[PDB]
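The structure tokens that follow cover one protein chain in two forms, given apart as structure 1 and structure 2.
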Structure 1
């Protein structure tokens, strides 16, 4: 199994969601960026695995579920089996990452992408080891009811650029945003 990564889009006031939806209007190229990053795998015969909480699963438009071309894993302690269209279910993040080391997955998964929500971001972000954060900074405040955890810049270094990630300011629907990559190793 390759690298561990989080990916998020976040407003200036650290918002990621409101009532099961994004806080801002849909940004088509931002979602295309998410799809491209999470799907693209630099290792033959493998797919990337996406890990998400249960609310994040149900917040993806049904037309996009499971996220195609990726192995889809949902975190939940209430569910007894994967949701319709999901591939795997785990009861904790450590359990999910252990599963990637099991016979049924060890040779199938390249990059692991945590794609939300808050609690799983927070746990991963404070667990020792090598982790990247792919952060889309939406450059406005938006009313939100779910927030991205604090990024500790003492440990997460902002990279000066990264292959496949545009460094300049983007704009869609009148909303400026930019792509960033952070890396810790502790």
Structure 2
């Protein structure tokens, strides 16, 4: 499957000055880690696709993201940055790679993990897309925003395996995990 995962504030914010608009949420991180890492097929791995700025925002000691195949998008880089598994020059190319026999027999889920520019392009993807949205239920000052989630085509799933849907809360900040699907 092809999947996008993001955390968004109530004002649809996703970034401020190259960082997250809110303080670190422990269970949001844990959820992200588990969902992107966990394959539904024994013997396969998941693949994460991210923009260049998001790659370099990961502390070097934690690159590549453990247990996942890490693919970075960049129009300018000539070889993969140290530690990355693949470098693609477009989202089209990255998705085409995942369809090659030697990735298809290796990869289960493909996850788009940001940043803003990649989400924008991923939100224009035709076909089957699932959006795993962590709703942070507060406004935060933001300078970059997640694209509109068009409810004409995305349906909020009432339940999803492995996803706690109840409202959560850390140091007074409420949040909840949602899953949307489109098939167009």
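Between two forms, the rigid core is defined as the largest C-alpha subset superposing within 1.5 Å. Residue numbers count along the first chain shown, from 1.
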Quiz item: Once you align the rigid core, which of 69, 160, 61, 129 turns out to move its Cα at least 2 Å between the two structures?
Solution: 61
Quiz item: Is the C-alpha displacement of residue 94 equal to or greater than 2 Å between the two structures once the rigid core has been superposed?
Solution: no
Practice problem: Align on the rigid core first, then pass along the CA displacement of residue 21 between the two structures in angstrom. | Solution: 1.4
Quiz item: How much does the C-alpha of residue 103 move between the two structures, in Å, given a rigid core overlay?
Solution: 4.2
Quiz item: Rigid-core fit: what Cα movement does residue 173 have between the two structures, in Å to one decimal?
Solution: 2.2
